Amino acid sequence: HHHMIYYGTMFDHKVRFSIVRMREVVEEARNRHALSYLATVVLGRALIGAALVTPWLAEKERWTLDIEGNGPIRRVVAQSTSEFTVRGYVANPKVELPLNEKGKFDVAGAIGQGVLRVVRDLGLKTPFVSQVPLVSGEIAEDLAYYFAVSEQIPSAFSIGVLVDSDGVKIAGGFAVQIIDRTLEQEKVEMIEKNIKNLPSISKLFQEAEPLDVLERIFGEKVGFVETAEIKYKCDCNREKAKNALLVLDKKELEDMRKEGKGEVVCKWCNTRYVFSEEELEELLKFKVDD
């Protein structure tokens, strides 16, 4: 299953864990947005990030990771939900760069100097937003820093996307978080050591099943694990596109009407919504009557 998260807790519930295989989801993002190889990795990592926190979201929460910087990708946005769905986008889907010195996709260079935001939308009038400076721009470590500093949850994220000309081959990772800091220091140290010892996801996920990866982290096999299916999903529809156009100035709608057509593209899933001259005339007529 290449769209599956596994999750649970260890050590009398003082540690929580998440591990995901989601090449299918990242492949869908790549195709919907026609992402370059580099943009696939950057956004993929962000999507994995969002996915990994899904088990821990409140009811009907939307959780958004919003990384913004001065590198040529400019912005990376990944949203997950309590329903185990994700969606996301980058400002520059066609970004290309030389590989880094170690021959990997230059995620850090794509993002450049900037910041990481987490938006928690939990059904109050406006969402909680927390912003921190980037640590490295590799996404994993940036997100672990957010958790340590804003949420006071010591964290390790490990995340990897492997993509070639036939598409995304691996897109997965894990998250280990200390939710109760009275956890014995030797359990802390051992977890730390075991993770630091693991190969990067691209290599680890070709060699080990998710549950065996976890056994390696915790020094013993895990106990109870829950699973869920991660899906790429957006809530856009045509009604919403039409409303998007109704908020525009009369002049914009006139200009489309003389152009012969109006188009709305959903930024999250790249779905295009095309409106005819008549449909625009209808919306304009509505603008005057309202």
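Counting begins at 1, following the sequence as shown.
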Entry-level comparison of average CA B-factors, 183-191 and 125-133, reporting the higher stretch
183-191
Mind pulling up the entry and telling me whether 243-251 or 52-60 has the higher mean Cα temperature factor?
243-251
Ranked C-alpha temperature factor of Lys221 among modelled chain residues, by third
middle
Relative C-alpha B-factor of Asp106, binned into the chain's lowest, middle or highest third
lowest
Should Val274 be placed in the lowest, middle or highest third of its chain by the C-alpha B factor in the entry?
middle
Could you look up the Cα B-factor of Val264 in the entry and say which third of the chain it sits in: lowest, middle or highest?
highest
Please place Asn100 in the lowest, middle or highest third of its chain according to the CA B-factor in the PDB entry.
lowest
